[PDB]
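query_1.csv follows (CSV, C-alpha atoms and all ligand atoms):
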```csv
chain,number,residue,atom,x,y,z
A,2,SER,CA,-28.6,7.5,-23.9
A,3,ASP,CA,-25.2,6.0,-24.7
A,4,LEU,CA,-24.6,5.9,-20.9
A,5,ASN,CA,-27.8,3.8,-20.4
A,6,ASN,CA,-26.6,1.2,-22.9
A,7,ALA,CA,-23.0,1.2,-21.5
A,8,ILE,CA,-24.2,0.5,-18.0
A,9,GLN,CA,-26.7,-2.3,-19.0
A,10,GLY,CA,-23.8,-3.9,-20.9
A,11,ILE,CA,-21.6,-3.8,-17.7
A,12,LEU,CA,-24.3,-5.6,-15.8
A,13,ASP,CA,-24.9,-8.1,-18.6
A,14,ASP,CA,-21.2,-8.9,-18.8
A,15,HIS,CA,-21.0,-9.3,-15.0
A,16,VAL,CA,-23.9,-11.8,-14.9
A,17,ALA,CA,-22.3,-13.6,-17.9
A,18,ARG,CA,-19.3,-14.1,-15.6
A,19,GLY,CA,-21.3,-16.5,-13.5
A,20,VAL,CA,-23.1,-14.0,-11.3
A,21,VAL,CA,-26.8,-15.0,-10.9
A,22,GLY,CA,-28.2,-11.5,-11.0
A,23,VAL,CA,-27.6,-7.9,-10.2
A,24,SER,CA,-29.8,-4.9,-9.2
A,25,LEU,CA,-28.5,-1.3,-9.5
A,26,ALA,CA,-29.8,2.2,-8.7
A,27,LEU,CA,-27.9,5.2,-9.9
A,28,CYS,CA,-28.7,8.9,-9.3
A,29,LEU,CA,-26.7,11.4,-11.2
A,30,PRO,CA,-26.8,15.2,-10.4
A,31,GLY,CA,-29.8,17.0,-12.0
A,32,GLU,CA,-31.5,13.7,-12.9
A,33,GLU,CA,-34.0,11.1,-11.5
A,34,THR,CA,-32.8,7.8,-10.1
A,35,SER,CA,-32.4,5.3,-13.0
A,36,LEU,CA,-32.6,1.6,-12.2
A,37,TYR,CA,-30.9,-1.2,-14.1
A,38,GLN,CA,-31.1,-5.0,-13.5
A,39,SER,CA,-29.6,-8.0,-15.2
A,40,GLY,CA,-29.9,-11.7,-14.6
A,41,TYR,CA,-32.2,-13.5,-12.2
A,42,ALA,CA,-33.7,-13.0,-8.7
A,43,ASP,CA,-34.6,-16.7,-8.7
A,44,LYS,CA,-32.1,-19.0,-10.3
A,45,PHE,CA,-34.2,-22.1,-10.5
A,46,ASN,CA,-37.6,-20.4,-11.4
A,47,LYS,CA,-35.9,-18.2,-13.9
A,48,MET,CA,-37.7,-15.1,-12.5
A,49,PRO,CA,-36.1,-12.0,-14.0
A,50,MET,CA,-34.5,-9.5,-11.5
A,51,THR,CA,-36.5,-6.2,-11.0
A,52,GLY,CA,-36.0,-3.0,-9.0
A,53,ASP,CA,-38.7,-4.2,-6.6
A,54,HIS,CA,-36.6,-7.2,-5.5
A,55,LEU,CA,-35.6,-6.8,-1.9
A,56,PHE,CA,-32.0,-7.6,-0.7
A,57,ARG,CA,-30.3,-8.0,2.6
A,58,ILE,CA,-27.9,-5.0,2.6
A,59,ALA,CA,-25.7,-6.6,5.3
A,60,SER,CA,-23.0,-4.0,6.7
A,61,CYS,CA,-24.7,-1.1,4.6
A,62,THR,CA,-27.0,-1.3,7.7
A,63,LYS,CA,-24.1,0.2,9.5
A,64,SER,CA,-24.4,3.6,7.8
A,65,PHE,CA,-28.0,3.9,9.1
A,66,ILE,CA,-27.1,2.9,12.7
A,67,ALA,CA,-24.4,5.6,12.6
A,68,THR,CA,-26.9,8.1,11.3
A,69,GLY,CA,-29.4,7.1,14.0
A,70,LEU,CA,-26.6,7.6,16.5
A,71,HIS,CA,-25.6,10.9,15.0
A,72,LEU,CA,-29.2,12.0,15.1
A,73,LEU,CA,-29.2,11.5,19.0
A,74,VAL,CA,-26.1,13.7,19.1
A,75,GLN,CA,-28.1,16.4,17.5
A,76,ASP,CA,-30.9,15.6,19.9
A,77,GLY,CA,-28.3,16.6,22.7
A,78,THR,CA,-28.7,13.3,24.6
A,79,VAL,CA,-25.4,11.6,23.3
A,80,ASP,CA,-21.9,12.9,23.1
A,81,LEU,CA,-19.4,11.4,20.6
A,82,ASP,CA,-16.5,11.9,23.0
A,83,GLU,CA,-18.0,10.6,26.2
A,84,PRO,CA,-17.1,7.1,27.6
A,85,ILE,CA,-19.6,4.2,26.9
A,86,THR,CA,-19.3,3.1,30.6
A,87,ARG,CA,-22.5,5.3,30.9
A,88,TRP,CA,-24.3,2.4,29.1
A,89,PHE,CA,-21.9,-0.5,29.5
A,90,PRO,CA,-20.1,-0.1,32.9
A,91,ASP,CA,-19.1,-3.8,33.1
A,92,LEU,CA,-17.7,-4.0,29.6
A,93,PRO,CA,-13.9,-4.7,29.7
A,94,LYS,CA,-11.9,-1.6,28.7
A,95,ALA,CA,-15.0,0.5,28.3
A,96,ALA,CA,-13.5,3.6,30.1
A,97,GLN,CA,-11.0,3.9,27.1
A,98,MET,CA,-13.9,3.9,24.7
A,99,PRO,CA,-15.7,7.2,23.6
A,100,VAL,CA,-19.0,6.8,21.7
A,101,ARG,CA,-17.1,7.5,18.4
A,102,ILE,CA,-14.9,4.3,18.6
A,103,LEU,CA,-18.1,2.2,18.3
A,104,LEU,CA,-18.4,3.7,14.7
A,105,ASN,CA,-14.9,4.1,13.5
A,106,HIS,CA,-13.5,0.5,13.7
A,107,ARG,CA,-10.7,1.5,16.1
A,108,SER,CA,-12.3,0.2,19.3
A,109,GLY,CA,-10.3,-3.1,19.7
A,110,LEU,CA,-13.6,-4.9,20.5
A,111,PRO,CA,-13.7,-8.7,20.0
A,112,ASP,CA,-15.8,-9.8,17.1
A,113,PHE,CA,-18.6,-12.3,16.7
A,114,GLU,CA,-19.1,-12.8,12.9
A,115,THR,CA,-16.4,-15.4,12.1
A,116,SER,CA,-17.5,-17.7,15.0
A,117,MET,CA,-21.3,-17.3,14.6
A,118,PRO,CA,-23.0,-20.2,12.8
A,119,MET,CA,-24.5,-18.9,9.5
A,120,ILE,CA,-27.0,-21.7,9.4
A,121,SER,CA,-29.5,-21.8,12.3
A,122,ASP,CA,-33.0,-20.8,13.4
A,123,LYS,CA,-31.7,-19.1,16.5
A,124,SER,CA,-32.9,-15.6,17.4
A,125,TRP,CA,-30.4,-13.3,19.0
A,126,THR,CA,-30.5,-10.6,21.7
A,127,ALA,CA,-28.2,-7.6,21.3
A,128,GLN,CA,-26.6,-8.6,24.7
A,129,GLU,CA,-26.4,-12.3,23.6
A,130,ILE,CA,-24.2,-11.2,20.7
A,131,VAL,CA,-22.0,-9.1,22.9
A,132,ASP,CA,-21.5,-12.0,25.4
A,133,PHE,CA,-20.8,-14.2,22.4
A,134,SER,CA,-18.2,-11.7,21.0
A,135,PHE,CA,-16.2,-11.7,24.3
A,136,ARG,CA,-16.4,-15.5,24.6
A,137,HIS,CA,-15.0,-16.2,21.2
A,138,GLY,CA,-13.3,-13.1,19.8
A,139,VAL,CA,-10.0,-11.4,20.7
A,140,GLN,CA,-10.0,-8.0,22.4
A,141,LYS,CA,-7.3,-5.5,21.5
A,142,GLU,CA,-6.8,-2.1,23.1
A,143,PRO,CA,-8.8,1.0,21.9
A,144,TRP,CA,-7.1,3.0,19.2
A,145,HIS,CA,-4.7,0.2,18.4
A,146,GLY,CA,-5.2,0.7,14.6
A,147,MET,CA,-8.1,0.0,12.3
A,148,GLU,CA,-9.8,-3.4,12.5
A,149,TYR,CA,-13.3,-3.8,11.2
A,150,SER,CA,-15.7,-4.2,14.1
A,151,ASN,CA,-19.3,-5.5,14.0
A,152,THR,CA,-19.6,-5.6,17.8
A,153,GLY,CA,-19.1,-1.8,17.9
A,154,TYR,CA,-22.2,-1.3,15.8
A,155,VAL,CA,-24.2,-3.8,17.9
A,156,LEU,CA,-23.3,-1.7,21.0
A,157,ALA,CA,-24.1,1.4,19.0
A,158,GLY,CA,-27.6,0.0,18.5
A,159,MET,CA,-28.1,-0.7,22.2
A,160,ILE,CA,-27.2,3.0,23.0
A,161,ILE,CA,-30.0,4.0,20.5
A,162,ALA,CA,-32.5,1.6,22.2
A,163,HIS,CA,-31.6,3.0,25.7
A,164,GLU,CA,-31.7,6.6,24.6
A,165,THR,CA,-35.0,6.4,22.9
A,166,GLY,CA,-36.7,3.7,25.0
A,167,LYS,CA,-37.8,1.7,21.9
A,168,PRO,CA,-35.9,-0.8,19.7
A,169,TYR,CA,-33.4,0.9,17.3
A,170,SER,CA,-35.8,0.1,14.3
A,171,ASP,CA,-38.4,2.5,15.7
A,172,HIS,CA,-35.8,5.4,15.7
A,173,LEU,CA,-34.5,4.5,12.2
A,174,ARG,CA,-38.0,4.3,10.8
A,175,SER,CA,-39.5,7.5,12.3
A,176,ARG,CA,-36.3,9.6,11.6
A,177,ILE,CA,-35.0,8.1,8.3
A,178,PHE,CA,-37.3,5.6,6.4
A,179,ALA,CA,-40.6,7.5,6.9
A,180,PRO,CA,-39.6,11.1,6.1
A,181,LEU,CA,-37.7,9.9,3.0
A,182,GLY,CA,-40.5,7.8,1.6
A,183,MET,CA,-38.6,4.5,2.0
A,184,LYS,CA,-41.4,2.1,1.8
A,185,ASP,CA,-39.4,-1.0,0.8
A,186,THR,CA,-37.0,-1.0,3.7
A,187,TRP,CA,-37.0,-3.1,7.0
A,188,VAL,CA,-34.8,-3.6,10.0
A,189,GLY,CA,-34.5,-7.4,10.2
A,190,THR,CA,-34.0,-8.0,14.0
A,191,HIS,CA,-37.2,-6.1,15.0
A,192,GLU,CA,-39.4,-6.0,11.9
A,193,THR,CA,-41.0,-8.6,9.7
A,194,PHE,CA,-40.4,-8.2,5.9
A,195,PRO,CA,-42.1,-9.8,2.9
A,196,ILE,CA,-39.8,-12.8,2.3
A,197,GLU,CA,-41.7,-13.5,-1.0
A,198,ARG,CA,-40.5,-10.2,-2.4
A,199,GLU,CA,-36.7,-10.9,-1.7
A,200,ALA,CA,-34.3,-11.8,-4.4
A,201,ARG,CA,-32.9,-15.3,-3.6
A,202,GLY,CA,-29.3,-15.5,-2.3
A,203,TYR,CA,-26.7,-17.8,-3.8
A,204,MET,CA,-23.5,-19.1,-2.3
A,205,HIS,CA,-21.3,-20.5,-5.0
A,206,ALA,CA,-19.2,-23.5,-4.6
A,207,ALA,CA,-16.3,-21.8,-6.2
A,208,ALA,CA,-12.6,-22.9,-6.5
A,209,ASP,CA,-11.4,-19.6,-5.0
A,210,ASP,CA,-13.6,-19.9,-1.9
A,211,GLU,CA,-10.4,-21.2,-0.3
A,212,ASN,CA,-10.7,-19.4,3.1
A,213,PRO,CA,-14.4,-19.1,4.1
A,214,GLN,CA,-15.1,-16.1,6.4
A,215,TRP,CA,-18.1,-17.9,7.9
A,216,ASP,CA,-19.1,-21.0,9.7
A,217,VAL,CA,-21.3,-22.5,6.9
A,218,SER,CA,-21.6,-26.1,8.3
A,219,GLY,CA,-25.1,-27.5,7.8
A,220,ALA,CA,-25.3,-26.3,4.1
A,221,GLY,CA,-25.9,-29.7,2.7
A,222,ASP,CA,-25.3,-30.5,-0.9
A,223,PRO,CA,-25.3,-27.8,-3.6
A,224,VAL,CA,-27.5,-27.9,-6.7
A,225,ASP,CA,-26.2,-26.7,-10.0
A,226,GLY,CA,-23.1,-25.2,-8.4
A,227,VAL,CA,-24.9,-23.2,-5.7
A,228,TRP,CA,-26.7,-23.2,-2.4
A,229,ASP,CA,-29.9,-21.2,-1.8
A,230,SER,CA,-28.5,-19.2,1.2
A,231,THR,CA,-31.4,-16.6,1.4
A,232,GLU,CA,-32.8,-18.0,4.6
A,233,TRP,CA,-29.7,-19.6,6.1
A,234,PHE,CA,-28.9,-16.9,8.7
A,235,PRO,CA,-31.4,-15.1,11.0
A,236,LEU,CA,-30.9,-11.4,10.7
A,237,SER,CA,-31.1,-11.0,14.5
A,238,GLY,CA,-27.6,-12.5,14.5
A,239,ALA,CA,-26.2,-9.5,12.5
A,240,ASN,CA,-28.3,-7.0,14.5
A,241,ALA,CA,-27.1,-3.4,14.0
A,242,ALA,CA,-24.0,-4.8,12.2
A,243,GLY,CA,-26.1,-5.9,9.2
A,244,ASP,CA,-29.9,-6.8,9.7
A,245,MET,CA,-31.5,-4.4,7.2
A,246,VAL,CA,-33.5,-5.4,4.0
A,247,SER,CA,-34.0,-2.9,1.2
A,248,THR,CA,-34.0,-2.1,-2.5
A,249,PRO,CA,-31.2,-0.3,-4.4
A,250,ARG,CA,-33.9,2.4,-5.2
A,251,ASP,CA,-34.7,3.0,-1.5
A,252,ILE,CA,-30.9,3.1,-0.6
A,253,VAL,CA,-30.2,5.8,-3.2
A,254,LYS,CA,-33.1,7.7,-1.6
A,255,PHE,CA,-31.2,7.6,1.7
A,256,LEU,CA,-27.8,8.5,0.2
A,257,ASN,CA,-29.0,11.5,-1.9
A,258,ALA,CA,-30.7,13.0,1.2
A,259,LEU,CA,-27.7,12.3,3.6
A,260,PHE,CA,-25.2,14.0,1.3
A,261,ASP,CA,-27.8,16.7,0.8
A,262,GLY,CA,-28.0,17.8,4.4
A,263,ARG,CA,-31.6,16.7,4.7
A,264,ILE,CA,-31.0,14.1,7.5
A,265,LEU,CA,-28.0,15.0,9.5
A,266,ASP,CA,-26.8,18.6,10.3
A,267,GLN,CA,-23.5,19.8,8.8
A,268,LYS,CA,-21.4,18.8,11.9
A,269,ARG,CA,-22.8,15.2,12.2
A,270,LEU,CA,-22.3,14.7,8.5
A,271,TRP,CA,-18.7,15.9,8.7
A,272,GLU,CA,-18.0,13.4,11.5
A,273,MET,CA,-19.5,10.7,9.3
A,274,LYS,CA,-17.7,11.4,6.0
A,275,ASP,CA,-14.9,13.8,6.6
A,276,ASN,CA,-13.4,13.0,10.0
A,277,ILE,CA,-11.5,10.0,8.7
A,278,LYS,CA,-8.6,7.6,9.3
A,279,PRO,CA,-7.1,4.8,7.2
A,280,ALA,CA,-9.2,1.7,6.9
A,281,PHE,CA,-8.9,-1.9,5.5
A,282,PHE,CA,-11.4,-4.5,4.5
A,283,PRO,CA,-10.1,-7.8,3.0
A,284,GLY,CA,-10.7,-8.0,-0.7
A,285,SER,CA,-12.5,-4.5,-0.9
A,286,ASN,CA,-11.4,-1.1,-2.2
A,287,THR,CA,-11.7,0.5,1.2
A,288,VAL,CA,-8.9,2.9,2.0
A,289,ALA,CA,-10.4,5.0,4.9
A,290,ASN,CA,-13.4,5.4,7.2
A,291,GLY,CA,-15.3,8.0,9.2
A,292,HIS,CA,-18.0,7.3,11.7
A,293,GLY,CA,-20.4,5.4,9.6
A,294,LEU,CA,-18.9,5.6,6.1
A,295,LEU,CA,-16.1,3.6,4.4
A,296,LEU,CA,-14.1,5.5,1.7
A,297,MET,CA,-13.7,3.0,-1.2
A,298,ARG,CA,-11.4,3.9,-4.1
A,299,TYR,CA,-12.1,2.9,-7.7
A,300,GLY,CA,-9.2,4.1,-9.7
A,301,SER,CA,-9.7,7.9,-10.1
A,302,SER,CA,-13.2,7.9,-8.4
A,303,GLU,CA,-14.1,7.3,-4.8
A,304,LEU,CA,-17.3,6.3,-3.1
A,305,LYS,CA,-18.2,7.2,0.5
A,306,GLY,CA,-20.6,4.5,1.7
A,307,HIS,CA,-20.3,0.9,2.6
A,308,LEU,CA,-19.8,-2.7,1.5
A,309,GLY,CA,-22.2,-5.5,2.5
A,310,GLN,CA,-21.5,-9.2,2.7
A,311,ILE,CA,-24.2,-11.6,4.0
A,312,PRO,CA,-24.4,-15.1,2.6
A,313,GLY,CA,-25.7,-14.8,-1.0
A,314,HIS,CA,-26.2,-11.1,-1.2
A,315,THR,CA,-23.3,-8.8,-2.1
A,316,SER,CA,-23.7,-5.0,-2.0
A,317,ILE,CA,-21.8,-1.8,-2.6
A,318,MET,CA,-23.3,1.6,-1.9
A,319,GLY,CA,-21.9,5.2,-1.9
A,320,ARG,CA,-21.7,8.7,-3.1
A,321,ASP,CA,-19.0,10.0,-5.4
A,322,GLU,CA,-18.3,13.5,-4.1
A,323,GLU,CA,-16.5,14.8,-7.1
A,324,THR,CA,-19.3,13.9,-9.5
A,325,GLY,CA,-22.4,14.0,-7.2
A,326,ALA,CA,-23.4,10.4,-8.3
A,327,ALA,CA,-25.1,8.0,-5.8
A,328,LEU,CA,-25.3,4.3,-6.4
A,329,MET,CA,-26.4,1.0,-4.9
A,330,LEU,CA,-25.4,-2.2,-6.7
A,331,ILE,CA,-26.3,-5.6,-5.2
A,332,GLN,CA,-25.7,-9.0,-6.6
A,333,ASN,CA,-27.4,-12.2,-5.4
A,334,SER,CA,-24.2,-14.2,-5.9
A,335,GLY,CA,-21.8,-14.7,-3.0
A,336,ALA,CA,-19.2,-17.0,-1.5
A,337,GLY,CA,-17.3,-17.1,1.8
A,338,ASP,CA,-13.7,-16.1,1.0
A,339,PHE,CA,-13.0,-12.4,0.9
A,340,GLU,CA,-10.8,-12.7,-2.2
A,341,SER,CA,-13.4,-14.9,-4.1
A,342,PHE,CA,-14.6,-13.5,-7.4
A,343,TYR,CA,-18.1,-13.8,-5.9
A,344,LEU,CA,-17.4,-11.3,-3.1
A,345,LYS,CA,-14.4,-9.1,-4.2
A,346,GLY,CA,-15.6,-9.2,-7.9
A,347,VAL,CA,-18.7,-7.0,-7.1
A,348,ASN,CA,-16.2,-4.2,-7.1
A,349,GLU,CA,-15.5,-4.6,-10.8
A,350,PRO,CA,-18.9,-3.6,-12.2
A,351,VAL,CA,-19.0,-0.7,-9.7
A,352,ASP,CA,-15.6,0.5,-11.0
A,353,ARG,CA,-16.8,0.2,-14.6
A,354,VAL,CA,-20.0,2.1,-14.0
A,355,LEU,CA,-18.0,5.0,-12.4
A,356,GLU,CA,-15.7,4.9,-15.5
A,357,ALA,CA,-18.7,5.1,-17.8
A,358,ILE,CA,-20.2,8.0,-15.8
A,359,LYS,CA,-16.8,9.8,-16.0
A,360,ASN,CA,-16.4,9.2,-19.7
A,361,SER,CA,-19.9,10.4,-20.5
A,362,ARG,CA,-19.1,13.6,-18.5
A,363,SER,CA,-16.0,14.5,-20.6
B,401,LIG,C1,-21.3,-6.8,6.9
B,401,LIG,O1,-21.6,-7.0,5.7
B,401,LIG,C2,-21.2,-7.9,7.8
B,401,LIG,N1,-20.6,-9.0,7.2
B,401,LIG,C3,-22.6,-8.1,8.4
B,401,LIG,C4,-22.8,-9.3,9.3
B,401,LIG,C5,-23.2,-10.5,8.8
B,401,LIG,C6,-23.4,-11.6,9.6
B,401,LIG,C7,-23.1,-11.5,11.0
B,401,LIG,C8,-22.6,-10.3,11.5
B,401,LIG,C9,-22.5,-9.2,10.6
B,402,BA,BA,-10.0,-24.3,3.7
B,403,BA,BA,-32.6,-20.6,9.0
B,404,BA,BA,-9.8,12.2,-8.5
B,405,BA,BA,-8.0,13.7,-5.1
B,406,BA,BA,-16.1,11.2,-23.7
```
Written as structure tokens, how would this file's structure read?
Amino acid sequence: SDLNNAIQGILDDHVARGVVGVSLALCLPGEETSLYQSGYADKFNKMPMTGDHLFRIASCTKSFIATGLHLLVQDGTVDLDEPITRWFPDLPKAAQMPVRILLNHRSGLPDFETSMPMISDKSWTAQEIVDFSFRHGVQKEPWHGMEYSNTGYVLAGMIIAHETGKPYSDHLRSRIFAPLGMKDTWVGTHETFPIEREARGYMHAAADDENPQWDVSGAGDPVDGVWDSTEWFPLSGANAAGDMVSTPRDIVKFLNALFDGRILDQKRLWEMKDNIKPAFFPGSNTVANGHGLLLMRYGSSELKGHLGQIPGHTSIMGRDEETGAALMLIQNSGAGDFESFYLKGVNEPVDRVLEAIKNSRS
């Protein structure tokens, strides 16, 4: 179709901007998921990008951890409004923290991501990340305002583990991945994944990487304007804040089924997507968030989903509610600065695709 050719052109023009490669999955209403890739999975081997190339989905992981949590609310074991002291009695200010503030980025919890070395071979415990957060981060009061929290999702994961007796990966697999047919999806912290199948991740030495968001010391020297950051960071360091590996095809499987009532009941879905407050993420299109989903505005279209940044892989997923379209676009180009073209610029092809969808619908 004309749409098919318009979309492949958007991806081609984006990789021509300097982006190593991009993988997209797009489901439109009354249609099968159609996949589009451009550029390379492996810059130096010139391997073409396919729809079978795995990516680290980074904070997109967060939409699954919320779902898993919401599933345990349906199970009757967890209450969104009850204090987390039940699970974390010694956590400062815990009594002011209902289960929902873990998910909604209003908890005031101190964060770990900006202090955590991105290059290491160190494995992390959930608790180890939490002690790290309080040691290096800044704690604000609950409900102070919106400030993106990874720590809240790490704590969310620990609730899941305690309530189900097994690692949070077991719950997400048995309740989400398995019944949906998601066969190319792993939870990094607790599961091994086929490294050989992953698209390589590229950090660009770019002029606009003026204010790196990560401690990337130990990177060594670049080669042909990039570092291969694929295996820089152990996923156990991100934990429930961003440890999942997947394909855009598998993610669209999840999204269609979530927005289609087939995972979460109508009340848990409403919490996730409709019970919202204003939200900010530096260099993104985020305007609001629920309890697991960021609302990201692209001109006259909006996606409910998530952004993901982990060194070298850069992802945007969501559903457009006005049009029914689901999409996961991931590039294997990244940088550190939020405002870098290599991070913030992933939003441009996403915008253009939603414009092409809209125009083909008129
Ligand atoms: C979301 O994309 C967060 N940046 C994921 C993350 C990555 C590293 C360490 C903690 C959280
Ligand atoms: Ba600087
Ligand atoms: Ba390493
Ligand atoms: Ba509109
Ligand atoms: Ba409107
Ligand atoms: Ba038209």
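Minimum distance to ligand BA 405 (chain B) across A:18, A:298, A:47, A:362 (counting all atoms listed in the file) occurs at A:298.
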Near residue A:233, within 9 Å and counting only C-alpha atoms, which residues show up once chain neighbours fewer than 6 positions away are dropped, as JSON, numbers by chain?
{"A": [119, 120, 121, 122, 217, 220, 312]}
Atom CA of residue A:320 to atom CA of residue A:257: how many Å, to one decimal?
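We find that atom CA of residue A:320 and atom CA of residue A:257 lie 7.9 Å from each other.
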Please find the residues contacting ligand BA 406 (chain B) at a distance of at most 12 Å between atoms, with only C-alpha atoms and all ligand atoms counted, and report them as a ChimeraX atom specification.
/A:3-4,356-363
Distance of atom CA of residue A:262 from atom CA of residue A:185, expressed in Å to one decimal place:
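The value is 22.3 Å.
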Distance table requested - chain A against ligand BA 402 (chain B), cut-off 8 Å, only C-alpha atoms and all ligand atoms: one row per qualifying residue with the closest atom pair and its distance in Å to one decimal, ordered by chain and rising residue number, as JSON lines.
```
{"residue": "A:210", "atom": "CA", "partner": "B:BA402", "partner_atom": "BA", "distance": 8.0}
{"residue": "A:211", "atom": "CA", "partner": "B:BA402", "partner_atom": "BA", "distance": 5.1}
{"residue": "A:212", "atom": "CA", "partner": "B:BA402", "partner_atom": "BA", "distance": 5.0}
{"residue": "A:213", "atom": "CA", "partner": "B:BA402", "partner_atom": "BA", "distance": 6.8}
```
Nearest to residue A:69: which of A:126, A:302, A:170, A:285 is it, counting all atoms listed in the file?
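The answer is A:170, which sits nearest to residue A:69.
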Kindly compile the residues surrounding ligand LIG 401 (chain B) within 10 Å, counting all atoms listed in the file, and format them as a compact mmCIF listing (two decimals) with C-alpha atoms, in the frame of the given file.
```txt
# COMPACT_ATOMS: atom_id res chain seq x y z
CA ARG A 57 -30.30 -8.00 2.60
CA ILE A 58 -27.90 -5.00 2.60
CA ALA A 59 -25.70 -6.60 5.30
CA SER A 60 -23.00 -4.00 6.70
CA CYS A 61 -24.70 -1.10 4.60
CA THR A 62 -27.00 -1.30 7.70
CA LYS A 63 -24.10 0.20 9.50
CA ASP A 112 -15.80 -9.80 17.10
CA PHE A 113 -18.60 -12.30 16.70
CA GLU A 114 -19.10 -12.80 12.90
CA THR A 115 -16.40 -15.40 12.10
CA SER A 116 -17.50 -17.70 15.00
CA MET A 117 -21.30 -17.30 14.60
CA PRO A 118 -23.00 -20.20 12.80
CA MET A 119 -24.50 -18.90 9.50
CA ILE A 130 -24.20 -11.20 20.70
CA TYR A 149 -13.30 -3.80 11.20
CA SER A 150 -15.70 -4.20 14.10
CA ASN A 151 -19.30 -5.50 14.00
CA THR A 152 -19.60 -5.60 17.80
CA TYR A 154 -22.20 -1.30 15.80
CA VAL A 155 -24.20 -3.80 17.90
CA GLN A 214 -15.10 -16.10 6.40
CA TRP A 215 -18.10 -17.90 7.90
CA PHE A 234 -28.90 -16.90 8.70
CA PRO A 235 -31.40 -15.10 11.00
CA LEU A 236 -30.90 -11.40 10.70
CA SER A 237 -31.10 -11.00 14.50
CA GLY A 238 -27.60 -12.50 14.50
CA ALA A 239 -26.20 -9.50 12.50
CA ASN A 240 -28.30 -7.00 14.50
CA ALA A 241 -27.10 -3.40 14.00
CA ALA A 242 -24.00 -4.80 12.20
CA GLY A 243 -26.10 -5.90 9.20
CA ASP A 244 -29.90 -6.80 9.70
CA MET A 245 -31.50 -4.40 7.20
CA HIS A 307 -20.30 0.90 2.60
CA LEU A 308 -19.80 -2.70 1.50
CA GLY A 309 -22.20 -5.50 2.50
CA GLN A 310 -21.50 -9.20 2.70
CA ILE A 311 -24.20 -11.60 4.00
CA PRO A 312 -24.40 -15.10 2.60
CA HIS A 314 -26.20 -11.10 -1.20
CA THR A 315 -23.30 -8.80 -2.10
CA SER A 316 -23.70 -5.00 -2.00
CA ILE A 317 -21.80 -1.80 -2.60
```
Give as a list in words the residues surrounding ligand BA 405 (chain B) up to a distance of 12 Å, considering only C-alpha atoms and all ligand atoms.
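Counting only C-alpha atoms and all ligand atoms, the residues within 12 Å of ligand BA 405 (chain B) come out as residues 298, 299, 300, 301, 302, 303, 321, 322 and 323 of chain A.
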Generate the output file for the selected residues, C-alpha atoms, as a JSON list (two decimals), keeping the file's coordinate frame.
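Full text of result.json as output:
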```json
[["chain", "number", "residue", "atom", "x", "y", "z"],
["A", 298, "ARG", "CA", -11.40, 3.90, -4.10],
["A", 299, "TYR", "CA", -12.10, 2.90, -7.70],
["A", 300, "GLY", "CA", -9.20, 4.10, -9.70],
["A", 301, "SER", "CA", -9.70, 7.90, -10.10],
["A", 302, "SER", "CA", -13.20, 7.90, -8.40],
["A", 303, "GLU", "CA", -14.10, 7.30, -4.80],
["A", 321, "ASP", "CA", -19.00, 10.00, -5.40],
["A", 322, "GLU", "CA", -18.30, 13.50, -4.10],
["A", 323, "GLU", "CA", -16.50, 14.80, -7.10]]
```
Enter the distance from atom CA of residue A:76 to atom CA of residue A:276, in Å, rounded to one decimal.
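Value for the atom CA of residue A:76-atom CA of residue A:276 distance: 20.3 Å.
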Emit stretch 257-263 of chain A of the structure in the block as a file comprising N, CA, C and O atoms, as a short mmCIF file (atom, residue, chain, number, x, y, z; two decimals), in the first residue's frame.
```
data_model
loop_
_atom_site.label_atom_id
_atom_site.label_comp_id
_atom_site.auth_asym_id
_atom_site.auth_seq_id
_atom_site.Cartn_x
_atom_site.Cartn_y
_atom_site.Cartn_z
N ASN A 257 -1.75 -4.80 22.13
CA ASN A 257 -3.09 -5.08 21.59
C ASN A 257 -3.99 -5.75 22.62
O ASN A 257 -5.16 -5.37 22.76
N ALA A 258 -3.43 -6.73 23.33
CA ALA A 258 -4.16 -7.54 24.29
C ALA A 258 -4.47 -6.81 25.59
O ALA A 258 -5.49 -7.09 26.22
N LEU A 259 -3.60 -5.88 25.99
CA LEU A 259 -3.86 -5.03 27.16
C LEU A 259 -5.03 -4.10 26.89
O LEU A 259 -5.98 -4.06 27.67
N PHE A 260 -4.95 -3.36 25.79
CA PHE A 260 -5.97 -2.39 25.41
C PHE A 260 -7.24 -3.05 24.90
O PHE A 260 -8.19 -2.37 24.52
N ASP A 261 -7.24 -4.38 24.93
CA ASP A 261 -8.35 -5.20 24.43
C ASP A 261 -8.97 -6.02 25.54
O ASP A 261 -9.77 -6.93 25.28
N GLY A 262 -8.59 -5.73 26.79
CA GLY A 262 -9.25 -6.30 27.97
C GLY A 262 -8.88 -7.73 28.29
O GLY A 262 -9.45 -8.35 29.21
N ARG A 263 -7.90 -8.25 27.56
CA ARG A 263 -7.56 -9.66 27.60
C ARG A 263 -6.49 -10.00 28.62
O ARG A 263 -6.18 -11.17 28.81
#
```
